[PDB]
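Contents: one structure, followed by commentary.
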Amino acid sequence: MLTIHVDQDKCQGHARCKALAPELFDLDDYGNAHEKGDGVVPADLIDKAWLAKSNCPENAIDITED
Ligand code: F3S
């Protein structure tokens with residue numbers, strides 16, 4: 001059981017998360033990312049989740065595990 005969170009404070013709109021996991025993130029008009037509706041990570045996107053997290057230069061992405 002995974003969900004994804006973007007910390008707006010840390011986020012500087014690099015947009016790596018979006019490029020890697022389009023299904024998981026949306027950017028606002030100003031370039032910042034935020035989790036898509038559900039937030040829950042589908043089984044086929046679990047690797048892209050950790051990948052986006054690993055890839056954020058600002059360490060702005062959080063993944064919770066239950
Ligand atoms: S800085 Fe922001 S746009 Fe994505 S890659 Fe990191 S959360």
Side-chain angles (χ1 to χ4, degrees), residues 2-66:
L2 307 174
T3 70
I4 281 188
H5 174 57
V6 180
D7 190 333
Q8 302 310 308
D9 289 345
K10 311 185 169 182
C11 183
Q12 309 292 354
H14 280 91
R16 308 205 77 80
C17 55
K18 183 65 194 176
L20 308 183
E23 315 89 332
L24 289 174
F25 307 86
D26 286 323
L27 305 177
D28 64 29
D29 282 6
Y30 305 84
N32 311 96
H34 50 258
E35 45 274 33
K36 264 181 91 181
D38 202 2
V40 173
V41 186
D44 53 23
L45 306 176
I46 272 159
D47 289 321
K48 303 204 198 316
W50 297 108
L51 295 174
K53 183 198 163 58
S54 182
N55 289 337
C56 183
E58 309 302 331
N59 301 322
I61 299 167
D62 275 330
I63 300 197
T64 58
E65 192 189 282
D66 303 280

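Atom set for the values below is all heavy atoms of this structure, side chains included, hydrogens, waters and symmetry mates excluded. Position 1 is the first residue of the sequence; numbering continues from there.
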Original post:
Could you give all pairs that pass the salt bridge (charged side-chain N to carboxylate O under 4.0 Å, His left out) test and reach residues 36-49, with sequence neighbours left out?
Top reply: none

Subject >> ILVMFWY network linking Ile46 to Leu51, side-chain heavy atoms under 4.5 angstrom >> reply: no

Roughly how far apart are [X] [atom1] and [Y] [atom2], rounded to 0.5 Å?
X: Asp62; Y: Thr3; atom1: CG; atom2: OG1; result: 9.0 Å
X: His5; Y: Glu35; atom1: NE2; atom2: CD; result: 6.0 Å
X: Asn59; Y: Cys11; atom1: CG; atom2: SG; result: 11.5 Å

Subject >> Atom of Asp7, atom of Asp9 and distance for their closest heavy-atom approach >> reply: OD1-N, 3.0 Å

Original post:
Of the non-hydrogen atoms in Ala52 and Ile61, which two are nearest, and what is the gap between them?
Top reply: O-CD1, 3.7 Å

**OP:** Measure from the side-chain N and O atoms of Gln8 to the backbone N and O of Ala33, and report whether any donor-acceptor pair falls under 3.5 Å.
**Re:** yes

Original post:
Between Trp50 and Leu2, is a side chain to side chain contact (heavy atoms under 4.5 Å, CB included) present by the stated rule, with each step listed?
Top reply: CA-CA 10 Å; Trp50 297 108; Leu2 307 174; 4.0 Å; yes

**OP:** Could you tell me whether the side chain of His14 reaches within less than 4.5 Å of the side chain of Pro57, counting heavy atoms only?
**Re:** yes

Side chains of residues 16-29: which donor-acceptor partners sit under 3.5 Å, not counting sequence neighbours?
{"unit_1": "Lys18", "atom_1": "NZ", "unit_2": "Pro22", "atom_2": "O", "d": "3.2"}
{"unit_1": "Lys18", "atom_1": "NZ", "unit_2": "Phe25", "atom_2": "O", "d": "2.9"}
{"unit_1": "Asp28", "atom_1": "OD1", "unit_2": "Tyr30", "atom_2": "N", "d": "2.8"}
{"unit_1": "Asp28", "atom_1": "OD1", "unit_2": "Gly31", "atom_2": "N", "d": "3.1"}
{"unit_1": "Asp28", "atom_1": "OD1", "unit_2": "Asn32", "atom_2": "N", "d": "3.2"}

